[PDB]
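Reading through the structure tokens given below for one structure.
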Amino acid sequence: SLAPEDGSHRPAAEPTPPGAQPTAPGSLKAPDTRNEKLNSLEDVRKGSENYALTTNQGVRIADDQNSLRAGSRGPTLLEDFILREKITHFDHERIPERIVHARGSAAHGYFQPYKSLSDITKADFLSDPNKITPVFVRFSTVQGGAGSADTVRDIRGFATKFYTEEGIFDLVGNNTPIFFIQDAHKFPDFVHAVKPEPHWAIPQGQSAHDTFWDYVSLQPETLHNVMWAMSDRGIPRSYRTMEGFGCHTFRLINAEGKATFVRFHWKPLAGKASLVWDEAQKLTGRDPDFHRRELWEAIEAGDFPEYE
Amino acid sequence: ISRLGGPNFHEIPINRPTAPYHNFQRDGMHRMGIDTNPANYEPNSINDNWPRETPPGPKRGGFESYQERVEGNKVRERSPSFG
Amino acid sequence: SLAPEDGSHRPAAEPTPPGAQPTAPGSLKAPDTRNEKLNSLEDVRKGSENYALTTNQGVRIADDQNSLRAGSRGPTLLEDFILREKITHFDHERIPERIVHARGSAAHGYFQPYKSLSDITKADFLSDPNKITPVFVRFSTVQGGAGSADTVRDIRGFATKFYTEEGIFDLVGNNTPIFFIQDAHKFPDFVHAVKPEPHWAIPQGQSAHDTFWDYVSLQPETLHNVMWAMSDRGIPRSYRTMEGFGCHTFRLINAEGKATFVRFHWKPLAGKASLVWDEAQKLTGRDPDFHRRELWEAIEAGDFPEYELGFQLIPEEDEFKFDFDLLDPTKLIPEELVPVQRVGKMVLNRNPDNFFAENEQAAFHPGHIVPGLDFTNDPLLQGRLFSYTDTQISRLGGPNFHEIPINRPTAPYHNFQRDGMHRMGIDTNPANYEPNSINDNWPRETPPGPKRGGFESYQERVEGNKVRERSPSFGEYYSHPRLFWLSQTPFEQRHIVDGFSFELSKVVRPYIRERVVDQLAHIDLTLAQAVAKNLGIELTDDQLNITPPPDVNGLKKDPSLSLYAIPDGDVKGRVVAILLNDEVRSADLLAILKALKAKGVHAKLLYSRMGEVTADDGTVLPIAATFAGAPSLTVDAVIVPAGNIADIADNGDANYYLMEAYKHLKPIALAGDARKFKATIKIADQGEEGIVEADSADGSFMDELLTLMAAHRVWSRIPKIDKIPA
Amino acid sequence: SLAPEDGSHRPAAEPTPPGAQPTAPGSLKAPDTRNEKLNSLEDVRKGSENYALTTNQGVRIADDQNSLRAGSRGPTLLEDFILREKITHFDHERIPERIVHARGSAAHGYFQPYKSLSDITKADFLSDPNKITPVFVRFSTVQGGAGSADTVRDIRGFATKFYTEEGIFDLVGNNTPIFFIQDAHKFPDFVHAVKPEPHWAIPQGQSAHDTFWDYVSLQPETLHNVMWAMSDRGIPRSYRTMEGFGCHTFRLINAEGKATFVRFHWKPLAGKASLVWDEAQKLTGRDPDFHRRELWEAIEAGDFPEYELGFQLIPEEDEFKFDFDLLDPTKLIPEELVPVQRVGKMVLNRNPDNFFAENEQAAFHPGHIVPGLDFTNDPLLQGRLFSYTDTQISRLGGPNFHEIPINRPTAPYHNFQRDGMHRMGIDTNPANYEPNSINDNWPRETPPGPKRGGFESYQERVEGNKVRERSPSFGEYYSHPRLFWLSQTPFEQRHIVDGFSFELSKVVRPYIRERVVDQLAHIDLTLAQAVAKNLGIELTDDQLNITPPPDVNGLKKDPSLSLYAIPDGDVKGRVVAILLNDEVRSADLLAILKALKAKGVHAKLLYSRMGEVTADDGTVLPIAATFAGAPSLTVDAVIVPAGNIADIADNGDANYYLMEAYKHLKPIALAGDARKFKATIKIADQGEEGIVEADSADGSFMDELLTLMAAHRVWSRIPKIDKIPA
Ligand code: HDE
Ligand code: HDE
Ligand code: HDD
Ligand SMILES: [S]
Ligand SMILES: [S]
Ligand SMILES: [S]
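Residue numbers (UniProt numbering), protein chains in the order written: chain A, 28 to 335; chain B, 420 to 502; chain C, 28 to 753; chain D, 28 to 753.
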């Protein structure tokens with residue numbers, strides 16, 4: 028036994044305020060929280076306590092501190108499959124990050140409509156106020172890599188996967204109601220311009236460089252979303268205190284075949300709040316994980332993020 | 420790694436062991452297993468070091484190589500006895 | 028046409044100081060800087076001026092602003108192949124980042140030896156002072172992703188690809204002489220402990236979390252490299268101002284086949300310099316690209332990064348002459364015991380053209396050796412040899428990663444290997460096997476020899492049983508930490524104390540902090556007490572009584588382990604901030620810039636807005652940045668010239684600038700009415716060592732300033748900064 | 028030195044007939060055959076002779092016969108990086124095969140138009156008879172894997188990559204003028220039905236199984252292309268002797284902006300020829316590489332595959348003037364209604380160097396069009412446009428597949444796309460977006476125009492609601508099957524009946540057979556009754572009274588649908604087996620061989636063993652193969668010279684050779700005492716059409732034989748083979 032005798036290594040499995048306990052995986056922190064989706068992931072959840080350490084082929088390992096060598100100061104032997112399996116898995120841990128929105132933080136939850144919307148849409152998840160729909164929601168920035176800072180000035184993404192009884196519906200929104208460009212053919216041009224410049228790969232997490240402002244100056248269509256980004260909207264206090272929008276006109280379709288144009292909104296029930304620029308920027312240095320950390324600690328505290 | 424697309428090939432259903440498997444390896448493309456262990460390294464105190472090594476023994480023990488004697492120089496050379 | 032009339036969109040193709048021009052791809056900035064490797068990449072460089080915009084298939088595009096749709100407000104059509112090809116390429120731009128050292132910055136250069144080393148190695152690139160070897164070097168942090176910050180506290184990588192006439196040699200080193208662990212089998216454990224924790228993926232770029240300190244507390248072999256990381260070694264000022272090390276004992280082999288043990292060193296000709304913790308941390312927010320930018324702009328300016336390659340050489344009969352094992356990569360070889368022989372100089376003189384094609388796709392691997400070099404049984408090196416080949420299969424997409432241009436050897440390569448994903452080479456050999464008769468057995472094996480021979484391993488004797496067992500000779504963990512500790516200046520010691528104290532305070536589980544303090548007590552009681560004090564821990568009686576570890580072969584210190592004990596400062600390439608006012612005394616600025624130019628020291632003119640101000644004699648002075656846009660974090664020293672000081676005297680930003688520079692131990696210089704600023708930093712009328720002040724910026728004023736800059740920081744100021752609110 | 032001293036290991040670099048020399052990489056066999064694309068590949072071609080064996084990193088290897096081990100009987104060491112590189116590259120050689128057309132054989136050549144087509148298309152490759160366009164052509168089957176057999180019953184692919192000065196144009200066609208299905212959404216259903224069944228992965232290279240015929244029985248739109256596959260079209264003699272078609276209506280666009288609907292044709296200049304089923308099926312066993320081999324050896328011999336490009340052109344005003352919809356890919360356009368206009372000639376004159384690098388990695392896609400061409404709303408074509416770009420992302424590892432050397436345009440290509448796996452091009456452009464001012468907006472869009480203009484889609488009118496709906500105009504399934512059937516000779520019709528019979532006999536569930544027979548009864552009663560008889564199925568009174576579908580625009584046949592109704596034979600490049608005996612009449616063999624050589628017909632001298640035999644006059648005759656080693660399946664005719672016939676008269680293999688060649692309708696010629704073999708194949712004393720016989724191989728003997736060969740097979744023999752035990 029390496030754990031301290033007083034059990035102070037294990038976080039209390041109950042709501043506790045930020046800083047009071049170490050943070051923990053969700054199913055350990057909050058085992059009593061459930062929904063249909065969380066239940067259905069049980070078949071792949073893997074525990075650990077009281078199990079033997081093995082290879083991926085289920086062979087127990089006796090010594091996980093040393094490679095196999097010819098004498099204790101000798102060369103490592105090619106027949107050490109336990110070493111090569113462990114190093115092979117490590118060697119291939121990384122997958123490509125998202126082209127955009129690479130940096131983001133996610134949580135499980137649920138959604139319920141206030142009333143049946145069957146007069147305007149036949150979407151099953153909106154047909155019955157007792158119908159509860161599990162969700163998984165990822166918030167993100169846009170420009171920076173998966174290892175970039177949270178409190179940058181940037182647009183934020185707000186993507187919700189609804190696991191409905193008639194299929195997955197993903198509402199893939201941002202925290203402003205519009206976008207910089209009109210036609211998708213220009214998306215790699217715009218994204219290239221805001222991303223780090225291609226000779227030297229600078230700057231990270233920032234639109235404050237030549238190519239972004241060149242593109243804007245030559246494409247006045249971008250000005251509307253640029254105003255938003257230059258406002259304090261570009262530096263939210265928390266993912267809990269920003270608005271979400273669906274970006275486009277979509278349609279609702281009812282049982283009768285009637286189409287109604289719709290634009291989607293998320294209203295933060297915690298209200299709207301942003302940082303100020305000097306604060307936001309220094310914070311990318313003092314804690315580049317601030318919004319990720321704040322989201323996780325809100326949920327561990329029972330300060331559940333809520334959106335209408 | 421190329422044929423089956425990465426290091427999680429043991430999670431492809433035909434290839435899965437029916438014996439238990441638990442270790443500190445993580446991630447890789449199309450990762451199926453969701454690990455709950457607070458720890459992804461050992462030695463650890465935060466999960467009281469689980470999953471744990473197992474001494475070798477008569478049954479249900481850890482793997483240990485037979486301690487064959489090795490004596491020779493580092494050579495790229497075919498044994499004469501093979502000729 | 029979109030470019031300005033005046034041509035000010037294009038940077039001059041001549042060396043220019045930082046900030047004077049927009050930065051540019053290296054072949055456009057410095058078209059006449061050449062080496063065999065840069066020249067050999069010409070087949071793949073692609074220009075752009077005067078060419079038509081096309082698909083990848085060579086079809087000219089008429090309208091690159093719109094999708095094809097049925098009516099101008101209609102749906103997009105599936106037959107729009109121009110749109111889909113463009114979006115397809117975009118959708119697939121990213122490749123996996125490196126498992127470790129994902130964050131890094133790279134440059135082209137060359138290496139040349141000081142003399143022939145044929146007496147000790149048959150390595151062709153070391154055979155003649157005339158042999159110029161192109162190199163491509165990538166500097167990196169370790170823990171954070173490719174989009175993490177530069178000035179974190181971390182170990183740094185220092186990887187050099189030598190394009191030799193006898194093959195690629197990759198020297199894949201770090202900025203400290205040892206590693207955290209002894210055996211490669213534990214690498215995934217250590218790296219997972221240091222990396223963001225698996226439930227929530229926090230923290231980025233930091234060792235300051237429970238799992239890292241948990242592992243360290245359970246694995247005392249780590250303590251030596253941990254001492255290095257907690258020192259100011261972990262926060263270098265610049266990739267130009269850090270040491271590099273090969274980490275392991277390798278062998279040199281000569282033409283007679285004699286083996287000599289070797290450890291590799293890179294000595295920075297710009298001297299050793301690091302940041303202080305508060306400045307580094309804040310810098311990760313003000314400019315997370317600081318080291319990448321500083322490297323690129325140093326090369327653009329002509330401040331080429333220079334390093335001397337150094338060998339510590341130990342004869343094979345001396346293997347057991349030290350009181351540590353030469354194969355233990357947690358042990359250093361003190362230079363007092365085995366001096367570094369200076370062997371050649373490397374100069375980085377050209378930036379890449381496309382970061383992703385040349386930097387992100389570069390593959391370095393320490394098993395890439397050439398005849399004249401060989402491995403040892405170091406159990407960390409041993410396992411590295413497996414990892415750096417294997418990891419490229421996913422990262423670079425398959426086994427043809429040597430065909431990616433930056434990776435290609437300039438030496439010939441021919442063999443019977445075929446196919447694999449994105450195979451470039453089209454082999455004409457009728458045979459794809461040997462022995463073969465159908466191509467008269469070509470390409471053919473080559474016997475080992477003094478030059479241009481095939482590779483043969485040194486015939487080391489191996490005797491022992493097949494065991495998974497750590498050598499008993501590796502079982503000593505505290506004497507090297509202690510040697511390092513005792514070799515640091517008293518201010519370097521204070522910063523080590525602060526680094527442990529700061530990191531451990533971020534460990535939420537108190538027993539982990541307690542266990543680390545117990546390990547410190549095994550190294551040095553004074554260290555352990557100072558850390559404990561900052562954590563509100565009291566040493567027990569047993570801990571007060573642990574006997575110190577032995578000296579290292581009679582050594583009770585080695586000043587070569589200190590960044591600063593032996594003076595080594597070089598001011599060329601450093602930068603000063605000059606805080607302007609709306610009517611600067613022009614005679615101050617003439618002298619300041621004059622004397623800074625003569626020592627190669629750069630300047631940034633700063634003010635409260637952009638544009639220009641005008642000096643007292645009508646000289647127009649362009650403003651580089653605001654006080655808040657280019658903080659003192661980014662400069663080595665601050666000068667305030669005389670003039671209308673009332674203009675800035677009550678500027679919060681201007682006052683803070685000097686407070687922050689003051690707190691970070693930087694030289695400050697104040698002329699005439701600028702001495703009014705002494706009051707913001709609490710300087711007595713009589714002055715203070717590290718504050719330069721005079722009636723005007725005359726000749727003696729700049730000499731004293733440049734003297735301070737050669738010594739990097741004003742360490743004597745440390746007891747004054749505690750009271751300053753900054 | 029392992030090569031023979033006599034140099035007989037190396038083939039002559041001159042054209043040589045099949046079998047005379049070992050085959051070789053194209054650039055070694057025919058170094059002086061050149062075109063712009065072959066020249067442009069020189070940067071990646073890697074030789075071998077006189078070069079040292081190295082790692083991929085350029086390190087010379089001394090011992091490529093052994094792993095590094097501790098002792099010559101000890102364990103292999105992880106530090107053996109030479110072993111691990113070599114085995115790593117091997118371990119990763121394979122890439123995914125193509126989802127369909129995985130089996131294919133390719134060659135280089137060139138195309139030239141007969142005259143400028145500027146009045147109907149601005150396509151630069153068709154603008155000038157003196158403009159030569161390099162091509163790379165891949166022929167394929169459809170269902171089987173890359174390691175399946177060539178002479179299966181299947182559709183064939185005929186894909187041509189034109190490396191034009193205004194971009195790559197890929198004409199991705201098949202050997203029949205229609206496809207099985209109407210809408211691309213159904214392509215996975217169709218392909219899955221014909222592919223090996225998913226429980227057990229059987230059968231390979233065959234539509235003869237339940238699921239294919241299930242799908243056909245339930246999707247009558249398939250019946251037209253099924254008629255083609257069941258005919259001898261499904262079993263070509265050679266890729267040189269099949270037609271090619273572009274499958275869909277596309278558009279030509281001229282400089283004035285006029286659109287003309289076009290379907291593409293390739294006419295084989297060597298004539299149309301196919302195998303017979305028993306032969307084709309047995310050949311998949313005796314030489315599953317028979318078409319790949321035949322192609323490669325045709326090119327080595329100088330019998331270059333030549334095709335004439337032709338267009339069926341239909342003016343925009345005539346879109347609705349046929350009984351069938353022009354956009355329906357299950358309908359052909361009969362040449363009687365719309366003739367093929369000759370456009371130009373393609374010659375395939377050089378084999379690749381490395382099959383993997385050039386053939387396996389080639390990417391063809393029908394969306395790769397150039398200005399002067401455009402698409403139509405054909406709903407199969409429309410979905411193809413999505414598939415051929417998407418699939419390369421796994422098959423070829425990413426979006427940089429255009430940088431794989433065979434796939435590169437010879438036209439310039441420049442744009443703002445960056446990165447992706449395997450990125451080769453190092454872009455120096457300061458900008459990676461447009462519009463940009465920092466590179467003066469280069470590379471720039473180009474307006475459309477008469478030559479060298481940007482691509483702009485033809486402004487076709489679209490009007491309709493968003494629907495998933497098949498056009499009513501596509502709802503007719505039997506008239507084209509019937510047009511095809513009525514156009515075939517009586518022997519061809521017989522082979523169609525036998526194809527359906529054979530296939531349906533492999534369908535295990537009898538109801539599926541019954542349902543297919545019911546569909547046949549909607550096409551033609553005679554066809555339906557004959558298949559029914561072979562399956563032991565009796566048509567119902569209702570089936571016997573189904574009224575036949577209408578003629579196609581008044582056509583009751585179109586002879587251009589037949590392989591054979593209009594003679595188009597060409598003996599050049601065909602091959603004859605010559606059955607030797609141990610004392611051949613040398614005067615017969617001189618006459619035979621020289622007559623064959625004069626018409627470009629090859630010969631293979633066969634016997635009961637390898638080595639030599641000696642003619643009557645002492646001439647030493649080298650043996651190419653044994654009777655069993657090179658069966659009659661692989662030749663077009665058989666000649667037996669006179670001499671010591673008793674030597675082989677009783678050889679079972681020699682007799683069976685004649686029986687097999689007899690059954691498969693091949694010309695046979697017997698000189699002098701070789702006429703004793705008449706008894707083996709049952710020929711009357713007075714002789715029969717299709718058997719050449721005389722006292723000696725002089726006079727008209729060889730002319731009569733060549734006349735038979737010009738007509739390909741002896742169809743009149745069909746009633747005679749019915750009862751031959753062979
Ligand atoms: C309206 C909200 C919004 C808008 C207007 C866009 N994004 Fe997003 N994006 C991808 C492509 C893409 C395109 C082509 C366009 C306009 C043409 C937009 N974006 C604008 C993507 C490259 O396919 C993307 C990256 C990886 C991926 O799977 O999808 C992508 C990301 C993305 C996210 C992140 C989703 C997540 O995993 O958290 C969000 C919230 C948006 N986009 C919103 C969005
Ligand atoms: C008209 C000639 C023709 C037709 C009508 C089709 N094929 Fe082909 N094919 C692919 C997909 C595809 C679709 C989606 C459809 C109708 C919707 C067709 N086919 C019918 C493919 C999966 O994208 C394919 C496989 C790998 C690849 O790169 O493309 C593909 C191959 C193919 C070839 C082989 C070209 C070559 O690589 O040698 C040929 C000659 C055809 N198709 C013809 C074709
Ligand atoms: C057994 C696993 C292992 C071990 C024990 C080490 N390494 Fe490593 N290293 C890798 C496995 C690895 C790697 C996973 O293979 C990387 C990341 C991806 C890459 O291409 O190689 C790598 C990258 C990497 C780089 C960056 C190369 C680049 O810039 O692209 C450097 C500088 C080092 N390593 C240096 C070291 C040092 C100084 C070590 C101790 C002295 C060390 N490595 C131990
Ligand atoms: S949007
Ligand atoms: S190391
Ligand atoms: S087709």
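Beta carbons: idealized from backbone N, C-alpha and C, even for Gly.
Under the Cβ criterion (8 Å, minimum of three pairs), the region 573 to 588 of chain D counts as touching the region 348 to 362 of chain D. Not one heavy atom of ligand 6 sits closer than 7 Å to the Cβ of D/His-251. By the C-beta density criterion, C/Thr-574 is exposed, having fewer than 16 other C-beta atoms within 10 angstroms. Relative to the non-hydrogen atoms of ligand 3, the Cβ of C/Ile-126 comes within a distance shorter than 7 Å of at least one. Around ligand 6, the residues selected by a Cβ distance under 7 Å to any of its heavy atoms are D/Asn-201, D/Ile-205, D/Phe-206, D/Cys-274, D/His-275, D/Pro-356 and D/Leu-407, following chain order. Within its own chain, the residues whose Cβ lies closer than 8 Å to the Cβ of D/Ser-132, once the five positions on either side in sequence are excluded, are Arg-165, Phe-166, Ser-167, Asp-177, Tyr-266, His-318, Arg-319, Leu-322, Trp-323 and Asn-386, listed in chain order. Taking a cut-off of 8 Å for Cβ pairs, the region 334 to 343 of chain D and the region 281 to 298 of chain D touch, as three or more such pairs fall below it.
Our two residues, D/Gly-394 and D/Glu-362, have alpha carbons roughly 26 Å apart in a direct line. Secondary structure at C/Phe-163: strand, using DSSP grouped into helix, strand and coil. Contacts with chain C at 8 Å (Cβ-Cβ) do not include A/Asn-83. Of all residues in the UniProt region "Disordered" (459 to 493) of chain B, those with a C-beta nearer than 8 Å to a C-beta of chain C are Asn-459, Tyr-460, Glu-461, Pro-462, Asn-463, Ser-464, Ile-465, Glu-483, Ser-484, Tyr-485, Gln-486, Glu-487, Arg-488, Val-489, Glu-490, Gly-491, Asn-492 and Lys-493, reading in chain order. Straight-line spacing of the CA atoms in C/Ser-154 and C/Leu-531 works out to 50 Å. For the region 46 to 73 of chain A, the beta-carbon criterion of a distance under 7 Å to any beta-carbon of chain B is satisfied by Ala-51, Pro-52, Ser-54, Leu-55, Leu-68, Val-71, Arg-72 and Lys-73.
With a contact defined as Cβ atoms closer than 8 Å, D/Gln-515 and D/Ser-258 qualify at about 7 Å. Non-local C-beta neighbours of A/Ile-182 in its own chain, meaning closer than 8 Å and more than five positions away in sequence, comprise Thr-168, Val-169, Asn-201, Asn-202, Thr-203, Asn-252, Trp-255, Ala-256 and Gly-261, ordered along the chain.
Contact of D/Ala-97 with chain B by beta-carbon distance below 9 Å involves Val-489, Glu-490, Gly-491, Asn-492, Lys-493 and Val-494.
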